Each structure stands twice: as C-alpha cells, then as structure tokens.
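To be precise, the following lines are model13.csv, and they hold CSV, C-alpha atoms and all ligand atoms.
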```
chain,number,residue,atom,x,y,z
A,88,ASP,CA,0.0,0.0,0.0
A,89,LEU,CA,1.0,3.6,-0.7
A,90,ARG,CA,0.4,6.1,2.1
A,91,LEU,CA,-1.1,9.6,1.5
A,92,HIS,CA,0.9,12.7,2.3
A,93,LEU,CA,-0.8,16.0,1.8
A,94,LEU,CA,1.6,18.7,0.6
A,95,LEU,CA,3.3,20.6,3.4
A,96,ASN,CA,3.1,23.7,1.3
A,97,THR,CA,-0.7,24.1,1.5
A,98,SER,CA,-0.7,26.9,-1.1
A,99,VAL,CA,-0.2,24.2,-3.8
A,100,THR,CA,-3.7,23.1,-4.1
A,101,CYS,CA,-6.3,21.0,-5.9
A,102,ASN,CA,-9.0,22.9,-7.8
A,103,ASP,CA,-11.1,23.8,-4.8
A,104,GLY,CA,-8.2,25.0,-2.7
A,105,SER,CA,-7.7,21.8,-0.6
A,106,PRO,CA,-4.1,20.6,-0.4
A,107,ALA,CA,-2.7,18.5,-3.2
A,108,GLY,CA,-0.7,15.5,-2.3
A,109,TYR,CA,0.9,12.2,-3.2
A,110,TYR,CA,0.8,8.5,-2.1
A,111,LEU,CA,4.2,7.0,-1.3
A,112,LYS,CA,5.6,3.5,-0.7
A,113,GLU,CA,9.3,3.7,0.0
A,114,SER,CA,11.7,0.9,-1.0
A,115,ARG,CA,14.8,1.4,1.0
A,116,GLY,CA,17.9,0.4,-0.8
A,117,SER,CA,16.4,1.1,-4.2
A,118,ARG,CA,17.6,4.3,-6.0
A,119,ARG,CA,14.8,4.1,-8.6
A,120,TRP,CA,11.8,6.4,-8.1
A,121,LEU,CA,8.5,6.1,-10.1
A,122,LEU,CA,6.3,9.2,-9.9
A,123,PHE,CA,3.0,8.4,-11.6
A,124,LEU,CA,0.5,11.1,-12.8
A,125,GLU,CA,-3.1,10.1,-12.7
A,126,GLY,CA,-5.3,11.1,-15.7
A,127,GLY,CA,-9.0,11.8,-16.2
A,128,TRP,CA,-9.9,14.4,-18.8
A,129,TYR,CA,-9.9,18.1,-17.7
A,130,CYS,CA,-12.3,21.0,-17.6
A,131,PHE,CA,-11.9,24.4,-19.4
A,132,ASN,CA,-14.6,26.8,-18.1
A,133,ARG,CA,-16.6,27.6,-15.0
A,134,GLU,CA,-19.7,25.7,-16.2
A,135,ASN,CA,-18.0,22.4,-17.0
A,136,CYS,CA,-15.7,22.7,-14.0
A,137,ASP,CA,-18.8,23.2,-11.8
A,138,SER,CA,-20.3,20.0,-13.3
A,139,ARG,CA,-17.1,18.1,-12.7
A,140,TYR,CA,-17.0,19.4,-9.1
A,141,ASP,CA,-20.5,18.0,-8.5
A,142,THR,CA,-20.0,14.4,-9.8
A,143,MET,CA,-16.2,13.9,-10.2
A,144,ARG,CA,-15.1,15.7,-7.0
A,145,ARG,CA,-12.1,13.5,-6.2
A,146,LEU,CA,-10.5,14.9,-9.4
A,147,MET,CA,-10.9,18.4,-8.0
A,148,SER,CA,-10.4,18.1,-4.3
A,149,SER,CA,-8.5,16.1,-1.7
A,150,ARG,CA,-11.2,16.4,1.0
A,151,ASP,CA,-12.4,12.8,0.4
A,152,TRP,CA,-9.1,11.0,-0.6
A,153,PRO,CA,-8.4,7.8,1.3
A,154,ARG,CA,-5.4,7.5,3.6
A,155,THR,CA,-4.0,4.7,1.4
A,156,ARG,CA,-4.1,3.3,-2.1
A,157,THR,CA,-2.9,-0.1,-3.5
A,158,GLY,CA,-0.2,0.1,-6.1
A,159,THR,CA,-1.2,-1.7,-9.2
A,160,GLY,CA,0.4,-2.6,-12.5
A,161,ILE,CA,3.7,-0.6,-12.8
A,162,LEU,CA,3.0,0.7,-9.3
A,163,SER,CA,2.8,-2.8,-7.9
A,164,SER,CA,5.6,-4.0,-5.6
A,165,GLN,CA,5.0,-7.7,-6.5
A,166,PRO,CA,7.4,-9.0,-9.3
A,167,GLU,CA,4.6,-11.2,-10.7
A,168,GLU,CA,2.4,-8.1,-11.4
A,169,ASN,CA,5.3,-5.8,-12.2
A,170,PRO,CA,8.3,-7.5,-13.7
A,171,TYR,CA,9.8,-4.1,-14.6
A,172,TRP,CA,10.2,-2.0,-11.5
A,173,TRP,CA,8.7,-4.0,-8.6
A,174,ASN,CA,11.4,-2.9,-6.2
A,175,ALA,CA,11.2,0.8,-6.9
A,176,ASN,CA,10.1,3.6,-4.6
A,177,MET,CA,6.5,4.1,-5.7
A,178,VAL,CA,4.6,7.5,-5.9
A,179,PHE,CA,1.1,8.0,-7.1
A,180,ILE,CA,0.2,11.7,-7.6
A,181,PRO,CA,-3.6,12.2,-7.8
A,182,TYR,CA,-4.9,14.4,-10.6
A,183,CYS,CA,-6.9,17.1,-8.8
A,184,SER,CA,-6.1,20.1,-11.0
A,185,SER,CA,-8.2,19.3,-14.2
A,186,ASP,CA,-5.6,21.1,-16.3
A,187,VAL,CA,-3.7,18.2,-18.0
A,188,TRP,CA,-1.0,19.0,-15.4
A,189,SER,CA,-0.2,22.3,-17.1
A,190,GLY,CA,-1.6,24.9,-14.7
A,191,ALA,CA,0.1,27.5,-12.5
A,192,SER,CA,-2.8,29.6,-11.2
A,193,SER,CA,-4.0,29.9,-7.6
A,194,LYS,CA,-7.6,30.4,-6.5
A,195,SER,CA,-8.2,34.1,-5.8
A,196,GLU,CA,-10.9,36.7,-5.8
A,197,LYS,CA,-10.9,36.4,-9.6
A,198,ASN,CA,-10.6,32.6,-9.9
A,199,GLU,CA,-13.2,30.2,-8.6
A,200,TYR,CA,-10.7,27.3,-9.1
A,201,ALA,CA,-7.0,26.8,-8.7
A,202,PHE,CA,-5.2,25.1,-11.7
A,203,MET,CA,-1.8,24.1,-10.3
A,204,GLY,CA,-0.9,20.8,-11.9
A,205,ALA,CA,2.6,21.9,-13.0
A,206,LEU,CA,3.2,23.3,-9.5
A,207,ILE,CA,1.9,20.2,-7.9
A,208,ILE,CA,4.5,18.1,-9.7
A,209,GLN,CA,7.3,20.5,-8.7
A,210,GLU,CA,6.2,20.6,-5.1
A,211,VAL,CA,5.9,16.8,-4.8
A,212,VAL,CA,9.4,16.5,-6.2
A,213,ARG,CA,10.7,19.1,-3.7
A,214,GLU,CA,9.1,17.4,-0.7
A,215,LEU,CA,10.3,13.9,-1.9
A,216,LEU,CA,13.9,15.0,-1.9
A,217,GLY,CA,13.8,15.1,1.9
A,218,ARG,CA,12.3,11.6,1.9
A,219,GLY,CA,15.0,9.8,-0.1
A,220,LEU,CA,14.7,11.2,-3.6
A,221,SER,CA,18.0,13.0,-3.1
A,222,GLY,CA,19.7,9.6,-3.3
A,223,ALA,CA,18.0,8.6,-6.6
A,224,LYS,CA,19.7,7.4,-9.7
A,225,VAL,CA,16.6,7.4,-11.9
A,226,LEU,CA,13.4,9.4,-11.6
A,227,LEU,CA,10.8,8.0,-14.0
A,228,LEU,CA,7.9,10.4,-14.4
A,229,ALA,CA,5.1,8.3,-15.7
A,230,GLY,CA,1.4,8.9,-16.3
A,231,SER,CA,-1.8,7.8,-18.1
A,232,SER,CA,-4.2,9.6,-20.3
A,233,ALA,CA,-4.2,13.3,-19.2
A,234,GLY,CA,-1.3,12.2,-17.0
A,235,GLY,CA,0.6,10.8,-20.0
A,236,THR,CA,0.3,14.2,-21.7
A,237,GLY,CA,1.3,15.7,-18.3
A,238,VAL,CA,4.6,13.7,-18.6
A,239,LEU,CA,5.3,15.3,-21.9
A,240,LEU,CA,4.6,18.7,-20.6
A,241,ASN,CA,6.6,18.4,-17.3
A,242,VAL,CA,9.4,15.9,-17.7
A,243,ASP,CA,12.0,18.5,-18.8
A,244,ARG,CA,10.8,20.9,-16.1
A,245,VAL,CA,11.5,18.2,-13.4
A,246,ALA,CA,14.9,17.7,-15.0
A,247,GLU,CA,15.6,21.4,-14.9
A,248,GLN,CA,14.3,21.7,-11.3
A,249,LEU,CA,16.6,19.0,-10.0
A,250,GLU,CA,19.6,20.5,-11.9
A,251,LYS,CA,18.9,23.9,-10.4
A,252,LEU,CA,18.5,22.4,-6.9
A,253,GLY,CA,21.9,20.8,-7.2
A,254,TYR,CA,21.1,17.2,-8.0
A,255,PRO,CA,22.7,16.7,-11.5
A,256,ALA,CA,23.1,12.9,-10.9
A,257,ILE,CA,19.4,12.0,-10.9
A,258,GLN,CA,18.5,10.9,-14.4
A,259,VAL,CA,15.0,12.1,-15.2
A,260,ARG,CA,13.0,10.1,-17.7
A,261,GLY,CA,9.4,10.0,-18.9
A,262,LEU,CA,6.9,7.3,-19.6
A,263,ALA,CA,3.8,8.7,-21.4
A,264,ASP,CA,0.9,6.2,-21.5
A,265,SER,CA,-2.2,7.0,-23.6
A,266,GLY,CA,-1.4,10.7,-23.8
A,267,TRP,CA,-0.3,10.9,-27.4
A,268,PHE,CA,-3.2,12.5,-29.2
A,269,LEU,CA,-3.8,13.7,-32.8
A,270,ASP,CA,-5.3,17.1,-33.6
A,271,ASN,CA,-7.2,15.4,-36.5
A,272,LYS,CA,-10.6,16.1,-38.1
A,273,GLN,CA,-13.6,14.5,-36.4
A,274,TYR,CA,-15.5,11.7,-38.0
A,275,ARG,CA,-18.7,13.7,-37.5
A,276,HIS,CA,-18.8,17.3,-36.3
A,285,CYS,CA,-15.8,21.1,-28.4
A,286,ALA,CA,-12.7,19.4,-30.0
A,287,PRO,CA,-9.3,19.0,-28.4
A,288,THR,CA,-7.6,21.9,-30.2
A,289,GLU,CA,-10.3,24.3,-29.1
A,290,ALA,CA,-10.7,22.8,-25.6
A,291,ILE,CA,-7.0,23.1,-24.9
A,292,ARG,CA,-6.8,26.6,-26.4
A,293,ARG,CA,-9.5,27.7,-24.0
A,294,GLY,CA,-8.0,25.6,-21.1
A,295,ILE,CA,-4.6,27.3,-21.4
A,296,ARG,CA,-6.1,30.7,-20.9
A,297,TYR,CA,-8.4,29.5,-18.2
A,298,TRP,CA,-5.7,27.5,-16.4
A,299,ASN,CA,-2.8,29.9,-17.0
A,300,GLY,CA,-1.3,26.7,-18.5
A,301,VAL,CA,2.5,26.4,-19.2
A,302,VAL,CA,4.2,24.3,-21.8
A,303,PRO,CA,7.9,23.2,-22.3
A,304,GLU,CA,10.1,26.1,-23.2
A,305,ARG,CA,11.6,24.9,-26.5
A,306,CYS,CA,8.1,24.0,-27.7
A,307,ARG,CA,6.8,27.4,-26.6
A,308,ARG,CA,9.6,29.1,-28.5
A,309,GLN,CA,8.6,27.3,-31.7
A,310,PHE,CA,4.9,27.9,-31.6
A,311,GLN,CA,5.0,31.3,-29.8
A,312,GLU,CA,2.2,33.3,-28.1
A,313,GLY,CA,-1.4,32.2,-28.7
A,314,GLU,CA,-0.2,28.8,-30.2
A,315,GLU,CA,1.0,27.0,-27.1
A,316,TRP,CA,-1.9,24.5,-27.4
A,317,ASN,CA,0.3,22.8,-30.1
A,318,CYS,CA,2.6,21.6,-27.3
A,319,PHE,CA,-0.2,19.5,-25.8
A,320,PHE,CA,0.1,17.2,-28.8
A,321,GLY,CA,2.7,14.5,-28.4
A,322,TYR,CA,4.0,14.5,-32.0
A,323,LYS,CA,4.7,18.2,-31.8
A,324,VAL,CA,6.1,18.5,-28.3
A,325,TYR,CA,8.2,15.2,-28.2
A,326,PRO,CA,10.9,16.3,-30.7
A,327,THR,CA,11.6,19.4,-28.4
A,328,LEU,CA,12.2,17.3,-25.3
A,329,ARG,CA,15.7,16.5,-23.9
A,330,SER,CA,14.8,13.9,-21.3
A,331,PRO,CA,14.4,10.3,-22.6
A,332,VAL,CA,10.7,9.5,-23.0
A,333,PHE,CA,9.1,6.2,-23.7
A,334,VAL,CA,5.7,6.5,-25.4
A,335,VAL,CA,2.9,3.9,-24.8
A,336,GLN,CA,-0.1,4.5,-27.0
A,337,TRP,CA,-2.9,2.3,-28.3
A,338,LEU,CA,-3.3,2.9,-32.0
A,339,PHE,CA,-7.1,3.2,-31.6
A,340,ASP,CA,-7.3,4.9,-28.2
A,341,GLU,CA,-10.9,5.2,-26.9
A,342,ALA,CA,-10.4,8.8,-25.7
A,343,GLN,CA,-9.1,9.7,-29.2
A,344,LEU,CA,-12.1,8.1,-30.8
A,345,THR,CA,-14.4,9.9,-28.4
A,346,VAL,CA,-13.1,13.3,-29.2
A,347,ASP,CA,-13.3,12.3,-32.9
A,348,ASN,CA,-17.0,11.4,-32.4
A,349,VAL,CA,-16.6,7.7,-33.2
A,350,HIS,CA,-18.7,5.2,-31.3
A,356,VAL,CA,-19.0,-0.7,-39.8
A,357,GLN,CA,-19.5,0.9,-43.2
A,358,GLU,CA,-16.9,2.1,-45.7
A,359,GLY,CA,-16.6,5.7,-44.5
A,360,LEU,CA,-16.0,4.8,-40.9
A,361,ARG,CA,-13.7,1.8,-41.8
A,362,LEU,CA,-11.5,4.2,-43.8
A,363,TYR,CA,-11.6,6.8,-41.0
A,364,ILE,CA,-10.4,4.2,-38.4
A,365,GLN,CA,-7.7,2.7,-40.7
A,366,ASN,CA,-6.4,6.2,-41.5
A,367,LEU,CA,-6.3,7.1,-37.8
A,368,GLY,CA,-4.2,4.0,-37.0
A,369,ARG,CA,-1.9,4.8,-40.0
A,370,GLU,CA,-1.5,8.4,-38.8
A,371,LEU,CA,-0.7,7.4,-35.3
A,372,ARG,CA,1.9,4.8,-36.6
A,373,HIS,CA,3.4,7.5,-38.7
A,374,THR,CA,3.9,9.9,-35.7
A,375,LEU,CA,5.7,7.1,-33.8
A,376,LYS,CA,8.1,6.1,-36.7
A,377,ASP,CA,10.9,8.2,-35.3
A,378,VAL,CA,10.1,7.6,-31.6
A,379,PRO,CA,12.8,5.0,-30.7
A,380,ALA,CA,11.3,4.0,-27.3
A,381,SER,CA,7.6,3.2,-27.9
A,382,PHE,CA,5.0,0.5,-27.5
A,383,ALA,CA,1.9,1.0,-29.7
A,384,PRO,CA,-0.4,-2.0,-30.0
A,385,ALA,CA,-3.3,-2.1,-32.6
A,386,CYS,CA,-6.1,-2.2,-30.0
A,387,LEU,CA,-9.2,-0.2,-29.2
A,388,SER,CA,-8.7,0.4,-25.5
A,389,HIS,CA,-7.8,3.1,-22.9
A,390,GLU,CA,-4.7,3.4,-20.6
A,391,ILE,CA,-2.6,0.4,-19.6
A,392,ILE,CA,0.3,0.9,-17.2
A,393,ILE,CA,-1.5,0.8,-13.8
A,394,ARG,CA,-3.8,-2.0,-14.8
A,395,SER,CA,-3.1,-5.3,-13.0
A,396,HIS,CA,-2.9,-7.2,-16.3
A,397,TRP,CA,-0.7,-4.7,-18.1
A,398,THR,CA,1.8,-7.6,-18.5
A,399,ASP,CA,-0.4,-9.4,-21.0
A,400,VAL,CA,-0.3,-7.3,-24.2
A,401,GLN,CA,2.6,-8.0,-26.6
A,402,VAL,CA,3.8,-6.4,-29.8
A,403,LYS,CA,5.9,-8.6,-32.0
A,404,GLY,CA,6.2,-11.1,-29.1
A,405,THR,CA,7.5,-8.5,-26.6
A,406,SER,CA,5.5,-7.3,-23.5
A,407,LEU,CA,5.5,-3.8,-22.2
A,408,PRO,CA,7.4,-4.7,-19.0
A,409,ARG,CA,10.1,-6.3,-21.2
A,410,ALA,CA,10.3,-3.3,-23.5
A,411,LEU,CA,10.7,-1.0,-20.5
A,412,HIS,CA,13.4,-3.2,-19.2
A,413,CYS,CA,15.1,-3.1,-22.6
A,414,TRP,CA,14.8,0.7,-22.5
A,415,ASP,CA,16.6,0.7,-19.1
A,416,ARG,CA,19.4,-1.4,-20.6
A,417,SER,CA,19.6,1.0,-23.6
A,418,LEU,CA,20.2,3.9,-21.2
A,419,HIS,CA,23.2,2.3,-19.4
A,428,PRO,CA,20.4,-2.0,-30.5
A,429,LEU,CA,20.3,-4.9,-28.1
A,430,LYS,CA,20.0,-8.5,-29.1
A,431,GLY,CA,16.5,-9.8,-28.4
A,432,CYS,CA,15.7,-6.8,-26.3
A,433,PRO,CA,13.7,-4.3,-28.5
A,434,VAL,CA,12.5,-0.9,-27.4
A,435,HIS,CA,10.6,0.3,-30.6
A,436,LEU,CA,7.4,-1.8,-30.8
A,437,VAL,CA,4.7,-0.4,-33.1
A,438,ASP,CA,2.0,-2.7,-34.6
A,439,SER,CA,1.6,-2.5,-38.4
A,440,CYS,CA,-1.7,-4.3,-38.7
A,441,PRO,CA,-4.5,-1.9,-39.6
A,442,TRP,CA,-7.6,-2.7,-37.5
A,443,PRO,CA,-8.4,-2.9,-33.8
A,444,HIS,CA,-7.7,-6.3,-32.3
A,445,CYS,CA,-5.6,-7.5,-35.3
A,446,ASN,CA,-3.1,-8.0,-32.4
A,447,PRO,CA,-4.4,-11.1,-30.7
A,448,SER,CA,-3.1,-10.0,-27.3
A,449,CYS,CA,-5.3,-6.9,-27.1
A,450,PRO,CA,-7.2,-6.5,-23.9
A,451,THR,CA,-10.6,-8.1,-23.9
B,501,LIG,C1,-9.3,10.1,-20.2
B,501,LIG,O1,-9.1,11.0,-21.3
B,501,LIG,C2,-8.2,12.0,-21.0
B,501,LIG,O2,-7.7,12.1,-20.0
B,501,LIG,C3,-7.8,12.9,-22.2
B,501,LIG,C4,-8.4,13.0,-23.4
B,501,LIG,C5,-7.8,13.9,-24.3
B,501,LIG,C6,-6.7,14.5,-23.8
B,501,LIG,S1,-6.4,13.9,-22.2
B,501,LIG,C7,-5.9,15.4,-24.6
B,501,LIG,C8,-4.7,15.9,-24.0
B,501,LIG,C9,-3.9,16.7,-24.8
B,501,LIG,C10,-4.2,16.9,-26.2
B,501,LIG,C11,-5.4,16.4,-26.7
B,501,LIG,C12,-6.2,15.6,-25.9
B,501,LIG,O3,-7.5,15.1,-26.5
B,501,LIG,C13,-8.3,14.2,-25.7
B,502,LIG,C1,4.7,27.2,-1.9
B,502,LIG,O1,4.3,27.1,-3.2
B,502,LIG,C2,4.2,28.3,-3.9
B,502,LIG,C3,3.6,28.0,-5.3
B,502,LIG,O2,4.2,26.9,-5.9
B,502,LIG,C4,5.5,29.0,-4.0
B,502,LIG,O3,5.4,30.3,-4.6
B,502,LIG,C5,6.1,29.2,-2.6
B,502,LIG,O4,7.4,29.6,-2.6
B,502,LIG,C6,6.1,27.8,-1.8
B,502,LIG,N1,6.5,28.0,-0.4
B,502,LIG,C7,7.3,27.2,0.2
B,502,LIG,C8,7.6,27.6,1.6
B,502,LIG,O5,7.8,26.2,-0.3
```
Same coordinates, now as structure tokens:
Amino acid sequence: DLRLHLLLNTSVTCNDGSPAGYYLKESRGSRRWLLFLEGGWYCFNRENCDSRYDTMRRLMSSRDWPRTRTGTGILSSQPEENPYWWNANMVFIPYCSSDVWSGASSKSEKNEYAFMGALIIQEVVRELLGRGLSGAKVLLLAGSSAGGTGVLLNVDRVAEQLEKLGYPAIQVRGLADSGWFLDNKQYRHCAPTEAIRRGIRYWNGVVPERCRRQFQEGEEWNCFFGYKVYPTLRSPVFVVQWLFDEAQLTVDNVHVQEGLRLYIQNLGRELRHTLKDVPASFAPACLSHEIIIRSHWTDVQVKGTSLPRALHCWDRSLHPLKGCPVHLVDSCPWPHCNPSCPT
C-alpha cells in the first residue's frame, strides 16, 4: 500500500483549494523512483468545471481522498504483477487540477478554481527530496491519459528543477501512456484543439520552453500534442499508445461501413506515422484506454514482446540490443488485429 501525504506547502492546491498530495511507498535500498501522474480528462470553463465538481469531485479536491491506495500494474511491488520495477520507490500523484498537469494559477478573488498541476509536480518532487529522492539514480515520471500528456509537458521541467536544486546525478526520464493525441478532423462534427486553447487561458497553462519558443504566443496549445512537443524534449521519453485509443475516438465522435472503416484505418496509420521516429515506444493495434497501472498490463505484446520487457530493454539501452527491443509499433491496420489486445 501507498500512504497519503498532503503537501506541506498548503498553497499548492487542488481545484477547490484543498491541499494537493501524493501517495508513497518507499523501497529502502532502491535508488529508482517512479512518480505516476493520474489522468481523467480536464475542464476548461466555469460551467463544465462546476459540473465536474459535482460528480467527479475526487478529481478536483483532496477532501475525500483515502489514507492509502494499493499500487497496481507498474506501481505494484510484486514482481509477478510488475516484472519491470517492482522494487522501486512508488509514488502516485492524484490528478486534482483538471488542467492536463499544465496549470500554474491559484484560487483568488478572480478565480473560482485553482489550476496548479505543473506546480503540484514541482512541489511533490521538492518534498520527496527530503524523503530519499535526493539519493535517486533514476526518476521515472510516468502517467496515463491526461497524466501521460502531463509527462510530456513536465518531464523537462522536473529535470531542470533537479539541476537547479543541485542534483545533477538524478536521471529524469518520462513514460507517457495514452497521452499521445492527434489534432485530427472528427469523423462527424468542443474538439481537443479548441478545448486546450480555452483551457490554457483558463488555467494559465504552461508548456515546455523549447516547444513554446517554436509555436509562440497564442499557439501554445500545439505543445499538448505528443508528436509536436516530443521532438523538443531533452529527457528520454518512452511512449505507450494504443493505435485506436478510446479517448481519441471519443473526441473524434466515433462510437461498420466504408466511410468509418476508412476513417479508423487512417487514424491508425497516422498514429503509426507519428511514432516512426520515436525510438522507445509501445503501440499496439487495439481499441482500449490506458494500460500501465492495470493489474494485467503484463499481458499485451507487440511482435512477441511485452511492455514490462520493452521498458526493461529501455533501461538497458540507457546504461540496438540483441533480443531486447525498445521500438514496438504494430503495423496491422484494424483494432484487435493483435491477438493480445485487452478483452
Ligand atoms: C481520459 O481521457 C483523457 O484524460 C484525455 C483526453 C484527451 C486529452 S487527455 C488530450 C490531451 C492533450 C491533447 C489532446 C487531448 O485530447 C483528448
Ligand atoms: C509554496 O508554493 C508556492 C507556489 O508553488 C511557492 O510560490 C512558494 O514559494 C512555496 N513556499 C514554500 C515555503 O515552499
């Protein structure tokens, strides 16, 4: 079990001003730290944030969080469930900022909600350094869905933060699961480009600096899209992405005749194309959503290699490897053409 710690700096808050926090299970003797960013969509205006506060309040507030959580999948400490990093120090950072982990705005007389996702990550890292993170060799910032996009937005900032704080020996790496979206046309006619454009202003959202310098003012929304922000990043990032991610299909208004068949096949081909030059990636041809904290995350394989194996091969690559691949993208063109897809 991972134990809840609310942030000691209580000015770093969830949406409603309650303290943000993290769940931690230490593994003394291990110098590996896994910091996982939870996902769960976002909200981009007062009206839809108010609705989320009414019926998805755990994603906006710490008031009702449990004292403990069980680590599952990549957060499991049992080697049978987690062949990759079962002995690591485990951190689960709840998503309570509704801002794709991009915000740096406090609740004030002008703001009903605080959007502090980027500051939550920074403050968790700061407080962990006094709890053993100062001794780390590798900090893997991982996350699923909105948390996977959060990895892409924040991994280089964590790296810069540790450098400026005087810890140049901690290797910061990213694992982005189900957070690699396409700004494509919907199958039938608020879409991700517009949602994030509004969100950035509403959240005071921040993006990685090199990507910001490319797209410039008013165009920072581009940096929320994996294929645009990834080439600007310096930290090693492993990308896990279903080719037919259910959240991608939802925003595309897809829920089979020729037009839809062509749409779905083109979507998979486009996603495959965006991963061609991503050397550490795992992209199975499945219709599904998230993977890495599911207990059966071990079961899916691409080209005969599981994700825990691919991640282990990635670790070795950061010390091509014989029989230990790190770039695993399905080429078959329809959901479940990979027999190991989740049922
Ligand atoms: C559970 O579903 C989610 O959490 C997310 C869905 C989307 C997200 S996150 C998103 C993030 C960056 C750029 C575009 C995006 O389109 C849809
Ligand atoms: C608390 O967090 C805020 C916002 O991130 C920051 O400005 C402030 O310096 C922090 N205070 C302490 C004591 O860490």
Show me, as JSON lines, the residues of segment 109-218 of chain A having an atom within 12 Å of segment 262-270 of chain A, each with the closest atom pair and its distance in Å, using all atoms listed in the file.
```
{"residue": "A:121", "atom": "CA", "partner": "A:262", "partner_atom": "CA", "distance": 9.7}
{"residue": "A:122", "atom": "CA", "partner": "A:262", "partner_atom": "CA", "distance": 9.9}
{"residue": "A:123", "atom": "CA", "partner": "A:262", "partner_atom": "CA", "distance": 9.0}
{"residue": "A:124", "atom": "CA", "partner": "A:263", "partner_atom": "CA", "distance": 9.5}
{"residue": "A:125", "atom": "CA", "partner": "A:264", "partner_atom": "CA", "distance": 10.4}
{"residue": "A:126", "atom": "CA", "partner": "A:266", "partner_atom": "CA", "distance": 9.0}
{"residue": "A:127", "atom": "CA", "partner": "A:266", "partner_atom": "CA", "distance": 10.8}
{"residue": "A:128", "atom": "CA", "partner": "A:266", "partner_atom": "CA", "distance": 10.5}
{"residue": "A:161", "atom": "CA", "partner": "A:262", "partner_atom": "CA", "distance": 10.9}
{"residue": "A:187", "atom": "CA", "partner": "A:266", "partner_atom": "CA", "distance": 9.8}
{"residue": "A:188", "atom": "CA", "partner": "A:266", "partner_atom": "CA", "distance": 11.8}
```
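Between residue 343 of chain A and the candidates A:168, A:199, A:390, A:289, the tightest atom-to-atom separation, counting all atoms listed in the file, involves A:390.
All residues of protein, DNA or RNA that reach within 9 Å of residue 391 of chain A, judged by all atoms listed in the file and not counting those fewer than 6 positions away in the chain, are residues 160, 231, 264, 265, 335, 336, 337 and 397 of chain A.
Here the question is which of A:296, A:213, A:150, A:133 gets nearest to ligand LIG 502 (chain B) using all atoms listed in the file, and that residue is A:213.
Here atom CA of residue 253 of chain A stands at a distance of 29.2 Å from atom CA of residue 413 of chain A.
Considering the residues A:169, A:388, A:232, A:192 and counting only C-alpha atoms and all ligand atoms, ligand LIG 502 (chain B) has its shortest atom-to-atom contact with A:192.
For residue 112 of chain A, the set of protein, DNA and RNA residues having any atom at most 7 Å away, when counting all atoms listed in the file and skipping those fewer than 5 positions along the same chain, is residues 88, 89, 90, 176, 177 and 178 of chain A.
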Exercise. With a distance cut-off of 7 Å and only C-alpha atoms, select the neighbouring residues of residue 408 of chain A, excluding the residue or stretch itself and same-chain residues fewer than 4 positions from it, and output the selection as a ChimeraX atom specification.
Key: /A:170-171,398,412
